[PDB]
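Protein chains in written order, with this note's numbering: chain A, 380 to 719; chain B, 14 to 249; chain C, 15 to 194; chain D, 3 to 277; chain E, 61 to 295; chain F, 159 to 363; chain G, -6 to 263.
Report on the following structure.
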Amino acid sequence: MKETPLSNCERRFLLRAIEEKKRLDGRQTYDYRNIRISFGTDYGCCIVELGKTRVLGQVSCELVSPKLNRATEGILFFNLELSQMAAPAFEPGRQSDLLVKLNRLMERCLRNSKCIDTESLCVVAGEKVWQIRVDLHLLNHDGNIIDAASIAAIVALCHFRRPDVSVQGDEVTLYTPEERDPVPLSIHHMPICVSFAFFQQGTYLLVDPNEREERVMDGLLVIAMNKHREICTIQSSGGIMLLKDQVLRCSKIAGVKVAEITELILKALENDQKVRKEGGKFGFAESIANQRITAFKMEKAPXXXXXXXXXXXXXXXXXXXXXXXXXXXXXXXXXXXXXX
Amino acid sequence: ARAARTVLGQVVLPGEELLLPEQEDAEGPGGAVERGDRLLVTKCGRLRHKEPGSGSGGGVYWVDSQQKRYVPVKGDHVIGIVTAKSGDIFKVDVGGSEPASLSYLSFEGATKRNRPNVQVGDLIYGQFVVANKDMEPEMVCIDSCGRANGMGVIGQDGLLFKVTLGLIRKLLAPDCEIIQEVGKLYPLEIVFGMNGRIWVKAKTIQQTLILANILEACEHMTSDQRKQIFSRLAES
Amino acid sequence: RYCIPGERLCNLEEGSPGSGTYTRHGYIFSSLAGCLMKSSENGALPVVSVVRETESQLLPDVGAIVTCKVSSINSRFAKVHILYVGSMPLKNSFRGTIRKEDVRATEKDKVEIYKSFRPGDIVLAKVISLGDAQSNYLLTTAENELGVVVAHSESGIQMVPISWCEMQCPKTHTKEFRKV
Amino acid sequence: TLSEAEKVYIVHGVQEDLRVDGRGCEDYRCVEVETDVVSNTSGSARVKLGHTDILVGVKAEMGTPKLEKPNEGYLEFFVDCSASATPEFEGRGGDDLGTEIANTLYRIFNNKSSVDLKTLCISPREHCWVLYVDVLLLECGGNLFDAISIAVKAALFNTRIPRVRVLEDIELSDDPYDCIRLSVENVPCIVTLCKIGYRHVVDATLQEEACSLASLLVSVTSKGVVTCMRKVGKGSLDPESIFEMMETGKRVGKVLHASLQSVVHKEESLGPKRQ
Amino acid sequence: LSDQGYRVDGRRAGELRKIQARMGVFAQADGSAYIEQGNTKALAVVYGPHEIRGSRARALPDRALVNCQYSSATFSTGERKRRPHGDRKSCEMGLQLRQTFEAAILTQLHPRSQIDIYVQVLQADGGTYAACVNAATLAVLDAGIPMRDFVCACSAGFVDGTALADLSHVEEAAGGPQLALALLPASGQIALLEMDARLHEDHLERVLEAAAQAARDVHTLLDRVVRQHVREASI
Amino acid sequence: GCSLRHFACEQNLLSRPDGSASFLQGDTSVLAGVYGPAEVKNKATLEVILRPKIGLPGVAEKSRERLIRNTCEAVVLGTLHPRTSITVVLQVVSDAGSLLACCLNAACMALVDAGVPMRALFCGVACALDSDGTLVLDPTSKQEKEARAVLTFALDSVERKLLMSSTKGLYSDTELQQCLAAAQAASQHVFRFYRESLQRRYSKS
Amino acid sequence: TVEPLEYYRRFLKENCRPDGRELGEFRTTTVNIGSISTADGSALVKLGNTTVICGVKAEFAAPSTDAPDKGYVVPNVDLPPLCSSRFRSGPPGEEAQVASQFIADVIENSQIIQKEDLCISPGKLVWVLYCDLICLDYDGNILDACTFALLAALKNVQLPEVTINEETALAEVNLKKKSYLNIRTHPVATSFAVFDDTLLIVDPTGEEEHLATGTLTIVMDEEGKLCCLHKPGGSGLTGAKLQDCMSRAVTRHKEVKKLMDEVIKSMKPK
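Below is the structure:
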């Protein structure tokens, strides 16, 4: 669609300022923009905000017939989608280079960590196993994705709720009324993404680049570290001179961050759990719903409701009544003689 | 609906009919003119009105709104990015619903001119004389009033950053000192695009950065505030 | 009075064909398919052809007059849609692909394209030389009767020309500039 | 590419019985098949034709062979175009010939009945043998559509289907014991004839096919039966002229078709453990 | 498994798996190369800096352009699957290829030039990538196109609390502890780098080092396979 | 008794596009994105894509996304200026009843925000009928399956003029009558709500 | 032409169409039932040279796990580069599809056939329906051409009987073909073409529906049970205005109903 243009000075100076080890959005070299997380009305729903980049996480529940081979550990699927409204240039279909690399790239560390059990879901191995699909929707697109992208999922993955009531012998039955209790998951390990942007021979290194940054950076690296201070995946891109040595701090540094980042999931993951059990308040996001301006919520009454409902005859009778007699004519027009 | 000029000298909705016992006027932005006369609201904004009286060759009934896309007008002041140079004219961007166009001559030169002095991805200060509903707009850099030169392709180094129109307006209001208020600090060079574009450039990145950041917030402050807040910068 | 692209009538010894023409080794086979027509020549022999239902064929003439409705307007360049190269033509193949420049928007004056013929209106002009180097045609509105002929107001009215360089609607009042 | 100044000689030259490379009219070139080079499956061959390279593999499978013909075995041919094959056709370019030859090799062997639906039919209506013949093209030496005729058969005589015994279940496979192998000279082939005036040729460089609108598709077995044969072109021909080229099919094909159909042994004889 | 100074394949975890390569094979291209990492086979071909072909549009000026296709023999694997349908991997793979030379290749002297290198897996057996890497590398070395440095990719797997280099296939089957990199001994910059295993934050120095050095060898190895092809072709 | 459910909306959210709008109908909401007036290398054309939170966009969508598209060319005076193109995208945020309805106002605001010139505004209202002939305003995921007649109407802000409607159910004319009319009163509220909220955004403009 | 906008309406202001019709014109309505032998139930209806043939083939499957013993009815609305060069050269077209479902939604809004009867073996067998209709010549009310192409194509369907013997399925062609195809409800659809100020025409044409400003179709059971209402944005409206469409649609319904009912004793048995 519309190509988001890009000045010269803008870029150049944007860098000029990196040479300054000064962040334009005025932060420090290894910090994250604040990231927020809102939970959905229903369970298995979430929204992430890496501060301007927004992701959508939804997980699914199914009783599919596992695959051939190891018909003993059910399968799972995830998908990441890039929206139109995502970026301007995001007309559905073309950006593959991202949706390719990224979708797969992301999806890599998922089966990499196997942080997700595949037999606990499996009810009747060989016959009926569970299929859990997870979908990612890039709402807005500003700077570092894959990270909110990961958070999105992980953050999401922990909130979903699988149903189950009673299945004995070779029969399966589940009732939402009994489902009012059993509905959890197998989140063994939780891995996250940490990208590192490079600048001019990686003689400068940034973390969680914003959109503008995103552009200026020559080469970028990602990392995957599960709570257990260990990796799952790394990826080098944008072609650079990545000295095994330096490759080493980032790796480190990434761990450093994954640390705190987790905190939140759990942190809020808890805060959420709390509300359902107390006062109560599911929804999408009342926070943006109360903060002054650009948003409003109120509830209004429905005897204006039934008062006019009788008027229907007035318009229904006045008009159609005289309109029904033309039928006597249509009876004979094309039907009678068409016998040919 | 039913209204006239003052009936609502305030905020309206997209889809309203209103008028005054008139004859001729120039339909503004979010208003429609058809009915003797009458007017319609298209976009969603408050009512604005500038009077020509008779002598003042300028008079219209206006409806503004803080919305994203920028809308070029008469000879307006905007900053540019050059989308491309195709033949005698190149399109620079202004964040309108499309670009605009600049001549292979608006820099007081005959051919074999402003060649490396005109480049894709560049910046430009220009007033476009042509922006009319049904036609596309084009801008210039000379001072045709006297063919002088008040608008050049922007600086050697510098910075441009978006800005809430509400601010650009208020920031450019003659009755606002910020402009002269800024007349302070040395040594500095900045440009102010209607299209919300401030290109700056102070001693170092820093004073420069501050200044912009300072600008990013400018709005809500003691009509005075900026003052020291500025003389704060001014001083260093 | 009909022919199929697979039957033969005469041969190289009597006539040559323009329409429905198909020839091999001297006989007459019919390329086209639909109808048969014969020709009389001012030479004591006939020309053979099949019948082209589309009697209407490309005929926009080099320096000829035309009916057209404007498209896009560049205060520097003007674009148009032409339909009738007079009237006999209904052709829409060349559809609207024609250009004119201010210099030729008139013979005197110096009023910008913007103040001559707008995007939506139909205009009349004669044709200038054509350089299919870009698939464009040149035309002029430098005549006392030439120029543009259509007028629409802001309200949705029609306009009459109050002068040589104006059109106006009776409802609201628009003193506008259009090369009458 | 495709030039006229040059297309001139090309046509007269081939009528003149002076091809291009010291070749009369119906001349071929050193064409060999190396059987088995894919240490990953049954049937295997690398036939290099002039300046083209083709490779075909085969593997076995059990169970259902279909629905209407359960009590038997049928073949599956999957074909591939190599981005290295056509400096032209890249990612969405294989589809072309890649689907076509997949069908041309799919119909020939389909009706040919030179298929041991018998030596491939486990538990009829339950288990059946299925072999996947897959293709790859590494270059184009002209008449390349024919190299597939050879690599398609040449890889078949080496289809040492494994000696497999199933006992209801239970599976027995002898890696040392390779006897439940099926290979017969009933196997069909491809013979093409493109015209270069009235002097029509088979196996002619591309520079050569370049001077023609159509070619003829003919198929013959060990001796001379016919498999799928078709006319392939954007132009047209004269039937009287069809039966002549047509016979060129049983006539010229069996020549090196017979001389090659033999070489399968030449490799099998001077190397039972030498290779 | 693997032990006592003898890996499962039957080799020192520090000793690679002999590879022979036929470079400058088919001469109907410009860049040609054949190789097999022990029992992993694939063919990589490149075509010189020809002027922008098909789709005359897109055409990076300042520097050349690069393209690379990756596909694998349906049987080259263990069983057999759909190559044009399960593209996800390959393509993903392909890009990886792209980037790598896209970095080192010198498109800086081939404005608008379009160099396309396509690779195919003939017989798959671990270190697939690293294979085509060089497999491709050689392919170009052949098409002699100038390049910053000569580069090769290795694998490095950490098992039994130890570092193994060039996890062939069987071990690839492990816990999945495998990392790879493309490398330019030139200065030893790490061109490409992709590890996908659940290793703890410190077997890196080790595993990292593993492949790192490993390349350096693969390098000297082909350094010869190459130094030889120059002198003989010199005849 | 005939009341539409909880009402809420967020405007100008996504910094990326020219038009952002998130609408919330009770435990249901949707967000719409507009990359507004665009000159694309005549008039102004509007194409809209809506995808769901779960699964990929089905064909049902394709069709549904069309109605929205049309209902708009209708009020979008934007169609005005030529050469221009305009895009909207809807995202299934919170389903739970009155699905289509939400999208409408969302997309509507999507534009309001995207400040594209409008002529009128359009709101959607939905209703469900039970095997006992009972209709409700701003139905429910519960209401919806428990009902036999389900409908959503696109209405004129200026004229109430039902600018569109699509439905599946077991109702007749005797049905299509009050409900639409009723739908009027309901839409009227939404329509009222807008005003107030729009007063909010411009609260200090 | 891009110009004749009003021209077409000139007829309209003085109510009349350059077709020679006005407020309601069920022009050439023709059906050829079972015209397709190689299909168990078919109906071809061509109106004002537009051809949507409903070609229905039946197949045996397996009713869902959740919906145990539930039948199976499947439609497909396609349009190749046939009915109009102005069509794509590949996968389904924007509208091409909307209709696809339309019929479907109709199929489901109609209750024509209870899935109950489709199940071959309640809980392990089902009857699948593929009613594919294709417009050979597009031009006007591509929407109605289906309600009929389909409604009739169905009455044209007839199949044997269902049987399972010792873990096998026994159904023979010359079996017992009863209840071939019968629906307690035969609602149909009609399409009106409208013009801004609601001056609307019916059974719009390829061109008529074209420069149109609003489309609206209505499906109603025999008993007048408004199956579904369709209005891709119709300039706005009036219940009463709709009321006219309401009743006056009924009329064109009886006609078609008869148009088909007439194929009962004649083209059905001939």
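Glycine included, each C-beta is placed from N, C-alpha and C at the ideal position.
Beta-bridge partners of residue i, as assigned by DSSP
i                      : result
residue 188 of chain D : None; residue 188 of chain D has no bridge partner.
residue 178 of chain C : In the DSSP output, where bridge partners are listed per residue, residue 178 of chain C has none listed.
residue 4 of chain G   : Bridge partners of residue 4 of chain G: none, in fact.
residue 60 of chain C  : C/54
Residues near residue i by beta carbon distance below 7 angstroms, same chain, minus five either side
i                     : result
residue 19 of chain C : 36, 44, 45, 46 and 47
residue 75 of chain G : 129
Neighbourhood of residue i by C-beta distance below 6 angstroms, restricted to the same chain and skipping five residues each side
i                      : result
residue 39 of chain B  : 73
residue 116 of chain C : 127
residue 119 of chain E : 112 and 172
residue 230 of chain F : 204
Residues near residue i in its chain [Cβ-Cβ closer than 8 angstroms; skip 5 each side]
i                      : result
residue 394 of chain A : 578, 579 and 595
residue 213 of chain G : 180, 181, 219, 220, 242, 243 and 246
residue 283 of chain F : 162, 256, 259, 295, 296, 310, 311, 313, 341, 344, 345 and 348
residue 260 of chain G : 24, 25 and 26
residue 262 of chain D : 33, 35, 152 and 156
residue 181 of chain D : 165
For residue j and residue i, believed in contact at Cβ under 8 angstroms, the rounded distance
i                      : j                      : result
residue 129 of chain D : residue 231 of chain D : 34 angstroms between Cβ atoms; not a contact.
residue 276 of chain F : residue 234 of chain F : 6 angstroms
residue 198 of chain B : residue 228 of chain B : Not really, about 12 angstroms apart at Cβ, beyond 8 angstroms.
residue 132 of chain D : residue 45 of chain D  : Not confirmed; about 13 angstroms, so no contact.
residue 568 of chain A : residue 630 of chain A : So it is not a contact: roughly 18 angstroms between Cβ atoms.
Chain-ordered neighbours of residue i on chain A, where CB pairs are closer than 8 angstroms
i                      : result
residue 38 of chain B  : Under the 8 angstroms cutoff, chain A gives no residues; its nearest Cβ is about 33 angstroms from residue 38 of chain B.
residue 155 of chain E : 476, 479 and 480
Chain A residues whose Cβ lies nearer than 7 angstroms to that of residue i
i                      : result
residue 177 of chain B : Residues of chain A passing the Cβ test: none, with the nearest at roughly 13 angstroms.
residue 226 of chain B : 405
Contact list for residue i against chain F, beta-carbon separation under 7 angstroms
i                      : result
residue 247 of chain G : The contacting residues do not exist; residue 247 of chain G stays about 15 angstroms from chain F at best.
residue 589 of chain A : Correct list: empty, because the minimum Cβ distance to chain F is about 11 angstroms.
residue 111 of chain B : 197
Partners in chain D for residue i, counting only beta-carbon separations shorter than 8 angstroms
i                      : result
residue 131 of chain E : 82, 84 and 85
Listed by chain order, chain G residues near residue i by CB distance under 8 angstroms
i                      : result
residue 228 of chain F : 225 and 226
Residues that residue i contacts on chain C, provided the C-beta gap is smaller than 9 angstroms
i                      : result
residue 148 of chain B : 86, 87, 88, 89, 127, 128, 132 and 133
Output needed in chain order: residues of the stretch 103 to 123 of chain E with a Cβ under 7 angstroms from some Cβ in chain D.
Taking 7 angstroms as the upper bound on Cβ-Cβ separation, chain D lies near residues 103, 105 and 107 of the stretch 103 to 123 of chain E.
Near-chain E residues of the stretch 106 to 140 of chain D (beta-carbon distance less than 9 angstroms), N- to C-terminal order:
Taking 9 angstroms as the Cβ-Cβ cut-off against chain E, the residues of the stretch 106 to 140 of chain D that qualify are 134, 136, 138 and 140.
Chain A contacts made by the stretch 252 to 283 of chain E, where a contact means CB separation under 8 angstroms
For the stretch 252 to 283 of chain E, which is checked against every Cβ of chain A, the residues closer than 8 angstroms are 252, 253, 254, 255, 256, 257, 258, 259, 260, 261, 264, 265, 268, 269 and 272.
Near-chain B residues of the stretch 392 to 424 of chain A (beta-carbon distance less than 7 angstroms), N- to C-terminal order:
Of all residues in the stretch 392 to 424 of chain A, only 392, 395, 396, 399, 401 and 405 come within less than 7 angstroms of chain B when Cβ atoms are compared, listed by chain position.
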